[PDB]
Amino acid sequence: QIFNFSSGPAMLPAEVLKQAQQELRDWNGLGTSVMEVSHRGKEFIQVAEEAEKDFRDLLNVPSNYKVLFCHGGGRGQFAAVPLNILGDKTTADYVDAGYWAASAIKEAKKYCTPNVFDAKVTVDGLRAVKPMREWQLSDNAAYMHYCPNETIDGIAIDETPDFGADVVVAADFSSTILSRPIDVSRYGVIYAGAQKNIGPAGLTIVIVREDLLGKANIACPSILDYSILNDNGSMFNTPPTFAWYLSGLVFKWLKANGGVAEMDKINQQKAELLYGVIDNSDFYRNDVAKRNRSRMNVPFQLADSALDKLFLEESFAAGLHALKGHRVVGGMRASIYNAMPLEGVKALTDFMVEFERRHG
């Protein structure tokens, strides 16, 4: 078997893919593909609603939150948030503690003067993040934005926000959503591209608190306008029908396997197994504090970088794909999302030990 450690687009559940394949040309006895069906037809509309319903059950999303499905991916959202919830304030709080947290800030500059807070710190030579109670927010700010899971850095902030009514929290859960249960009520906006932990590329999920709607800037393209999307049930224009369909299958696969509570347990074992191998070895090394170690994305450097190529050739031949670290960082990176079975994180750890043994 092959185990894909790509970070996005990512590996999808084998069952989900085995089904999509089978009914690719004859979905629902219709004799056509879901891709060929009109988005307005009752057949698809049922898929779309069921999709949202399952999603709400999974995260316990309360009635006062709208769940939208749009184009653009995560970066489209770096623009959408400012365009939608900035209202008429001229600033917003942005917490930088990683590559993605920073990218969001760069886009935000187009629409306002963002107050940046550098939450990055180094403790015991290990990369960590300042606790929320130490974050500097401003008074005038329309909202505060931050990223709970840096895909490149392997940094995670699991702390639950506790700023109080006055503050609106916007977060980028692209690479962590559905990995652990979260209290949605603490947030104002939660967005996430599907290509990492949900489904395929092309679709993006957004969770907005209803009272935040109706403030959109006139300049906001209608396809990004939260109010427009909500009023049309995420069907203002033709949506990524196939992507929405697969997401639906994934959501079902999740409920079928115990929901996010069970996923959280499994994700915990997978992370511990891997991080256990890295810490106990001299050959491999991760430089992130225990308190901030992501369970989704795990970057690691080799003691001898001259072996990087050989590690990649041998890991690939062993059926372990996409282990190369991000471009701007080098090293290695194993992304172990919900779809990645513990059995797979084991195959990787088995290989890593065997490599260290005969090359280390």
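Residue numbers here begin at 1 and follow the sequence given.
- Look at the mean CA B-factor for 59 to 67 and for 296 to 304 in the entry; the higher one is 59 to 67.
- Comparing 227 to 235 with 144 to 152, the stretch with the higher mean C-alpha B-factor in the PDB entry is 227 to 235.
- Among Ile336, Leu12, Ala347, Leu24, the highest C-alpha B-factor in the deposited entry belongs to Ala347.
- Across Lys106, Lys215, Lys120, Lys270, the entry's maximum B-factor at the CA atom is seen for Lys215.
- The deposited CA B-factor of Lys53 belongs to the middle third of values across its chain.
- Ranked against the other modelled residues of its chain, the C-alpha B-factor of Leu137 as given in the entry falls in the highest third.
- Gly202: CA B factor lies in the highest third for its chain, per the PDB record.
- When all modelled residues of the chain are sorted by CA temperature factor, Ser222 is found within the middle third.
- Residue-level temperature factors show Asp264 in the middle third of its chain, judged at the C-alpha atom.
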